[PDB]
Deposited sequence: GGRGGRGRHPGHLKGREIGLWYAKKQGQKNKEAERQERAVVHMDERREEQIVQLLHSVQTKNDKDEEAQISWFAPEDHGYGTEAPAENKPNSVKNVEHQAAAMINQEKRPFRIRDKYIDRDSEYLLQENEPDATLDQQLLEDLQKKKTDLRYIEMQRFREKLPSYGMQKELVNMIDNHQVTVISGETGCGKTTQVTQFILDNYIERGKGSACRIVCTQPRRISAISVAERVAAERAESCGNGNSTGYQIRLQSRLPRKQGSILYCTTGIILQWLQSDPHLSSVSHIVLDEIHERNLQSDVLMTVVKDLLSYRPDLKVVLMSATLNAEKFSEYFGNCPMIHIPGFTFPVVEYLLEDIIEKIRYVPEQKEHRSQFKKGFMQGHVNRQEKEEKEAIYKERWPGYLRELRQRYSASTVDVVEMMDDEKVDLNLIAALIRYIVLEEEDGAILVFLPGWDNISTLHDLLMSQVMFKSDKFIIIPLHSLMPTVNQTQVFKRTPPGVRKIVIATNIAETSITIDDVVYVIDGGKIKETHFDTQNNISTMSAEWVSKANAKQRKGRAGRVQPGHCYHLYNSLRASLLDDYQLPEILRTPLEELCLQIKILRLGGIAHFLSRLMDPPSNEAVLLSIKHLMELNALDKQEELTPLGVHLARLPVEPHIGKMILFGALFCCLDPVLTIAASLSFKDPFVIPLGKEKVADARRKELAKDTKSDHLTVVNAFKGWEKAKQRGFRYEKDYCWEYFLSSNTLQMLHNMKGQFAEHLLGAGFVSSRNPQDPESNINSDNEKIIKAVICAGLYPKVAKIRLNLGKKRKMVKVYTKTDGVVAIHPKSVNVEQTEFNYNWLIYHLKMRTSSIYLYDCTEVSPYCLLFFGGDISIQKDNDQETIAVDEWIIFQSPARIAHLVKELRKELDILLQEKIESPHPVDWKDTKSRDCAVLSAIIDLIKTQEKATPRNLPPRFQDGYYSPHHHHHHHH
């Protein structure tokens, strides 16, 4: 029976274990190095009236009158008498309005104008929070233009985002900022003084930072009775915020859009006459209802439509969008309907590429007229400003886009919208401690957001791709981001702001996270040694929290600063927290992967390719402006991302100087870059940063094609993502890898992986233990990472590791620049000598 399978399994496992035993890297330093280490171990106001006069003088400006001429047409002006008045009376108000009414650029101006005209115009300072950088810039610029002025330069409006700030004047004025700016402001002055009107906008998205800021405002309102907070949701479940804040008054601002008509799947199939080509938990409960009502619904539909439509709708796939239907719908729209610009929404790249190929396959979609512009976050400069250009008559511009286009693209020309009802979400599995990524049906808010892009300047049409039963059973809203994502950086943010009791505060959030996730995050932080035994923010924790990155990246930055390899480590840290400078165009994907491996050279690493690309870009910038563009074109780089990385490096160096680890704000000073030309030291520092993420690789010698299998301690058998450099590699000097991002899309995937030497794991690793498994005095760092070495060397390695740990604790607790020209604590020098030299195991 099943005994033969067990016999096969045992016979294979014995051989596999016997083959893996004789493939462990040997650890041995030298004859003289042992003597040196032994020796070292043995040695161990008129302004108020001025504002009114300026307003009166500007009231006669021709440009100001012209701006008022358009501003009068906005619906929100009709509520100006009310919107201000209640804001004057109540403390917290909720403003709900549909798309079309410019509440963002009107509500703030109403309060400012009322305060200025009333006389007490020097006692207000409105701070409005936006969820996107480009949105904040555009809103601030437009508001500045609306008052016949310019943003910043001491005017009455301005904005502030990361590394870009045009500040307005202190008294009066408006400041548009992202949520992170306010959350960082909360550290200096906890009560947020000198702010008279805090405005939270687009709060219905329910992102991570807005929820925290809203809770802080709610529990801060007790100590600041004179502070006014104004929330702007957008219809639908706008009563939830009012109930949460204590039944505050609400105002419903009417919208204004051109009429649009919605067609569902049955209407589309009936209209275009399309014949098909010949061939958890809660998610279950809804589906059950969709099953129970499935037959009866059809039993009605057969009387409202033809037989063929019912047959096509019944035999319909519910797990993937069919691109043949979209390709036929676009054909029908092109041939019959009038001029416009089709905009189709797709889940991801796998469908965008297929739809583009299907469209370009047909003969008519190849002439001068039709142009197809895919939109994605991994395409060059979102295909430039081609989408924003006005289409000459007789072209029928077609855009195939993921969700990028439903939030901030603003083509402002489309009239036909096609909505394949599928979106991609990134959940987080607490039991398996791995974040997943799946495709789920769009929510009602998502459907409304996609439909609202059609009618803005001209009446249009919206074509949804699901039947009425699925439309009626759609989720009201997407899951709040507070209930997905690890809560690790947030946990340190709670303690650095002294908000409360790390776990007590998280219970006051709207839709509080599950207790298991909080406990897991606290345990992970305790293991990382950032948090004390009783959650007291150990000295490493303060530096980790004050840095604007994840704790793992923060430790890498600190260790790179300690070991005098600041520049490449800072570049890697900057590129590990904000994208990467590589963009893959739609047509050419093999070429990009072939020219990225050339950048990788022979480092057998993924993080080192970013360093090489940045070094090449910096060397090319000095030559000239045209050379920079040529270099970015040849290697498929992005200039904007590289500039942002440069600014982030500057900010990190400034903070490190502020703490005291380094002696200059410049991240390329020659004093703190001694070990900057060695890749081994950089790899050791990276392994010190991202230690717990270590994967073993096994090369199955023979068996037709030589293949490498990657294993992890907990997550079974992972596989290297094809985008990584080491996807096709088969010759590894060391059989160990470290990674940063690991995701479960369909199978567990590592997105960036780099090999590490045994000495990089022995020192910056777990608890070293010495054993004897009938082979030698094998030394293990975590009981599963085993190396071969004699006992006399393993004992020295363990003692040196203990001394290094003590020295690093002392150095991190009290930072110092450290001088390499003296002999006070030379553990670091000996460790650098060991890592730089020796090694070369090639096993």
Coordinate gaps, deposited numbering: 1 to 14, 59 to 132, 368 to 383, 948 to 972
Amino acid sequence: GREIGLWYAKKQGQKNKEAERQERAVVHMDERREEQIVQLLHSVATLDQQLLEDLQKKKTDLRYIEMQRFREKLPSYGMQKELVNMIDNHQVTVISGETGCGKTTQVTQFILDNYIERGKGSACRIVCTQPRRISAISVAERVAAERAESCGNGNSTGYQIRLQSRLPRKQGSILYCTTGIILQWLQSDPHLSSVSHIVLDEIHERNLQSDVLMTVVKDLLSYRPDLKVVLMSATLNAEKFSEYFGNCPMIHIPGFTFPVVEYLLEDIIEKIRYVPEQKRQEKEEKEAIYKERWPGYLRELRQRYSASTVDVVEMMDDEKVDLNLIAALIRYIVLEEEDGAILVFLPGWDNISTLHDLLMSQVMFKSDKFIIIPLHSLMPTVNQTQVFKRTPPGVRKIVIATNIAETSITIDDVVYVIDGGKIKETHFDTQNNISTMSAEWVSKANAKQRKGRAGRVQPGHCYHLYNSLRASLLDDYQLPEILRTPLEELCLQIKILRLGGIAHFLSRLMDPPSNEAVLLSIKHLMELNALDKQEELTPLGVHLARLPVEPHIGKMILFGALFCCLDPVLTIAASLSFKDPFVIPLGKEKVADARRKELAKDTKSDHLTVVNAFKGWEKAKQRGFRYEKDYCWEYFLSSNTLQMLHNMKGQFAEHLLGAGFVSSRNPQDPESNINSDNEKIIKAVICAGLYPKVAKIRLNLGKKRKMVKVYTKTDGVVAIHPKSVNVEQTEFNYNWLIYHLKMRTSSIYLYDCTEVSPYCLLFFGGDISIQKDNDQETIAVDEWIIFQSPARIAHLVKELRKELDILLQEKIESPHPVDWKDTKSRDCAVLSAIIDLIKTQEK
From here on, numbers count along this sequence of modelled residues.
Coordinates absent for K704 in a third or more of other entries: yes
